[PDB]
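Novice: pasting the first chains of the complex, positions unchanged:
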Amino acid sequence: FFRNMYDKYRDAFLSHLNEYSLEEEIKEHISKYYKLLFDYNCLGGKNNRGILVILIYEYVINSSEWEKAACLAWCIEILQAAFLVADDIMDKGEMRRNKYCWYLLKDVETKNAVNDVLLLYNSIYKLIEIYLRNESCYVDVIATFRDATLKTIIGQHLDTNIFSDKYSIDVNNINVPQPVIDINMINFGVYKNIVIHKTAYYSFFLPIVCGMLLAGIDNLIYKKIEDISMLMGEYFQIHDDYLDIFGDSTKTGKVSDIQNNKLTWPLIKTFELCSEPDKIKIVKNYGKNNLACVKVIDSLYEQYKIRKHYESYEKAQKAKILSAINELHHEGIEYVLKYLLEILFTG
């Protein structure tokens, strides 16, 4: 029920900037721009990560305590915003949450979007200071945001570069630019490395740890939660990979993995199932901004019944996660994680 406190946190941060030694008119331009940056990119999502903080906190309460908990929830949503803006610059996105990517806007462009990624990212730490500077968990909380972010950056790095010629640097080459798949990297082990780092830590481990830290939980439970977070991050990204091909942009709110030369679960599954001749077709057709090329890939995914293989992967993983959840021996958190698991795809 933390949707109502958004304005407070936004305004707290905008107030900080408003204290700057700047002319009044300039300050007006600043608040106008940054009010839009926050609203445009922090709102519209399922808010799964934010809600997770609130639920964990509650199940591990006066209105002053909620203020801290909800601050941390919105801090994770602001992190999510920073990530999506950056991710859309990097992957040249078109749409995100059913509207134009921030960086594509003529009043914004790549140059502002880059600066804005940093602003959103830093605003998180200023908010945590404002609301949590006097909590004993303060240092641990900022360290958790920091470390999860580091993992995400490394995951994003691998996702971006896994098929590049440097993973198969020339500091004198600024002239000769071509995306190709590298068959050696088309396997589940590599994929899990990538997805766990890119997704699991900030989407699951972080929000859960925030709730627990603030609740006053060193304790061996933190390790168990790290392990469950990994299973969930993988479950989550594979489902994201599945929708990229077999979903409607109307539901996902975003437009392209194939033409973007991404290592995805459907590519890895197809690759392990298909004939040698189709391995050659994939190589020849993947990662090409060309209609005929992506259609070839689409057809292979249908040919090799990827829908069916996802349907049964989902079953096995959901059972493996439920089994890891039961071994936590904490009634409250177990409930939250089972609930999260149900609500994952819809919010």
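Specialist: That came through fine. Numbering: from 1, shown residues only, chains lettered A, B, ... in the order given.
Novice: Pick out the residue nearest the middle of chain A.
Specialist: Nearest to the mean C-alpha position of chain A, by C-alpha atoms, centre = their mean, lies residue A:199 at 5.3 Å.
Novice: Tell me if it really is in a helix.
Specialist: Yes - using DSSP: H, G, I helix; E, B strand; the rest coil, the assignment for residue A:199 is a helix.
Novice: That one touches residue A:155, doesn't it?
Specialist: Yes - Residue A:199 is within contact range of residue A:155, at 6.9 Å (criterion: C-beta atoms under 8 Å). Backbone N, C-alpha and C define where each C-beta goes, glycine included.
Novice: quick one: residue A:164 from residue A:267, how far?
Specialist: Distance, residue A:164 to residue A:267, by C-beta to C-beta, to the nearest Å: 16 Å.
Novice: swap that for residue A:150, please
Specialist: As judged by C-beta to C-beta, residue A:150 and residue A:267 stand 27 Å apart.
Novice: swap in residue A:312?
Specialist: 18 Å.
Novice: out of the two, which sits in the busier spot?
Specialist: Legend: neighbour count by other C-beta atoms under 10 Å for residue A:312 and residue A:267, higher for residue A:267 (25 against 9).
Novice: ok so, going back, neighbours around the nearest residue to the residue nearest to the centre of chain A once chain neighbours are set aside, how many?
Specialist: Once flanking residues are discounted, residue A:199 sits nearest to residue A:233: 4.3 Å by C-beta to C-beta, 6 or more residues apart in numbering. Neighbour count for residue A:233, taken as other C-beta under 10 Å: 23.
Novice: Helix or strand: which one has residue A:233?
Specialist: helix A:221-246 (DSSP states H and E).
Novice: With residue A:22 instead?
Specialist: Per DSSP H and E, there is no helix or strand for residue A:22.
Novice: on that earlier part again, wait, what's in contact with the residue nearest to the centre of chain A?
Specialist: A:152, A:155, A:233-234, A:236-237 (C-beta atoms under 8 Å, 6 or more residues apart in numbering).
Novice: Chain B follows; place it on the structure:
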Amino acid sequence: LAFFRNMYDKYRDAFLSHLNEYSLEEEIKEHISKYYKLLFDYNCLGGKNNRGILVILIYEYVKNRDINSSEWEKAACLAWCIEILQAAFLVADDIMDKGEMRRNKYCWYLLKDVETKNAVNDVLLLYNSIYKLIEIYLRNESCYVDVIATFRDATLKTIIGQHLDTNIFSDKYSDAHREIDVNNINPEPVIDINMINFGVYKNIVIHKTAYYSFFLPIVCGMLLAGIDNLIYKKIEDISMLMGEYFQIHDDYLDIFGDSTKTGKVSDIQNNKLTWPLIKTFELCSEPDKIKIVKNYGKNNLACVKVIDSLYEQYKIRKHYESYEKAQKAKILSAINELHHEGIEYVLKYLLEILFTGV
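Specialist: Okay, here's chain B dropped in alongside the others:
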């Protein structure tokens, strides 16, 4: 400078060691370490290192005292942390400003093995590495929290300064009555004569430069040395003056500087509010203001030449020499009123070596 510079590898390796702890396949670990070693080396080294040196000197001279090797380790860590921050800012600035050369070599984002997509991700990595390093070295110090807060707050001011530098002439600031159009993705850029004044310039330049280049390094050194104290406000005022003095000289170099000497090649074609522009605008004739308006902020070399010829025509170079003398004196005047021999000594030496380093 020698000691500080010899400590580089230690701090880089400590951060790389942290990434090497990640649960990744050995082969991936080796690609990671190779890429990131280069990111740090390429972008962290070859600067003047004024900001890092400033941490080291302030740390030492805040108070004549015995300082052991373990204490130095922590001061050199903070010194390299500000050099890493400078590395992050310059990779980002070169993306945003369409840089071509930085420190006499290709901008990181231009490398075909890197590109904008990696550079953006690399800005965030460099930036986050600072805090990991401060944790590795200072997490047990009482000033730990204050030190990360100072990095954070300086960075926030720098982002706002960069925002203004990039947008001061933009449609959204000029046409302040109209909201940002979130449905327009298909980019008409001109100066806004209303913004062409020293008042706006100082706002921009103090936020974009002064806080991270002077205030931050000094405050780091003093925090670490063990020092609410009302002196901070006086060092903040000195920093603002030093930041203005440093940025105006930078504006000078952008257009009158020798690229082989400065190591970089765009303010005019980027439509920036610069000191040379403000100075010409307040001295030139009416017809020349209309010429500035028509030619400024365009990529066409012939358009830039028009602006450059005006700066030659109005002897802007020489006006700079005059500003330099007056400002250096105003800064020395504020320094001598600080009443702290040790810090005054570092700042005076700083003032002397600003533009050449060392």
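Novice: what's the spacing between the residue nearest to the centre of chain A and residue A:48?
Specialist: From residue A:199 to residue A:48 the distance is 12 Å (C-beta to C-beta).
Novice: try residue A:259
Specialist: 28 Å.
Novice: between these two, which one's more packed in?
Specialist: residue A:48 (20 against 16; other C-beta atoms under 10 Å in any protein chain shown).
Novice: check contacts around that one.
Specialist: Going by C-beta atoms under 8 Å, 6 or more residues apart in numbering or on different chains, residue A:48 touches A:203, A:340, A:343-344, A:347.
Novice: let's see 6 Å
Specialist: If you count contacts by C-beta atoms under 6 Å, 6 or more residues apart in numbering or on different chains, residue A:48 has them with residue A:347.
Novice: Stretch A:182-197 near chain B at all?
Specialist: Yes - judged by C-beta under 6 Å from any C-beta of the partner chain, stretch A:182-197 comes into contact with chain B through residue A:193.
Novice: buried set for that stretch?
Specialist: By neighbour count on 16 or more other C-beta atoms under 10 Å in any protein chain shown, the buried set for stretch A:182-197 is A:185-186, A:190-197.
Novice: What is the distance between it and the centre of its chain?
Specialist: 17 Å (C-alpha atoms, centre = their mean, to the nearest Å).
Novice: re earlier: list just the nearest of the buried residues of stretch A:182-197 to chain B.
Specialist: Chain B lies nearest to residue A:193 out of the buried residues of stretch A:182-197, by C-beta to the nearest C-beta, at 5.1 Å.
Novice: Once you drop chain neighbours, what's closest to residue A:94?
Specialist: The shortest distance from residue A:94 to any non-neighbouring residue, by C-beta to C-beta, 6 or more residues apart in numbering or on different chains, is to residue A:255 (4.4 Å).
Novice: what kind of secondary structure is that neighbour in?
Specialist: coil.
Novice: Nice, that's everything, thank you.
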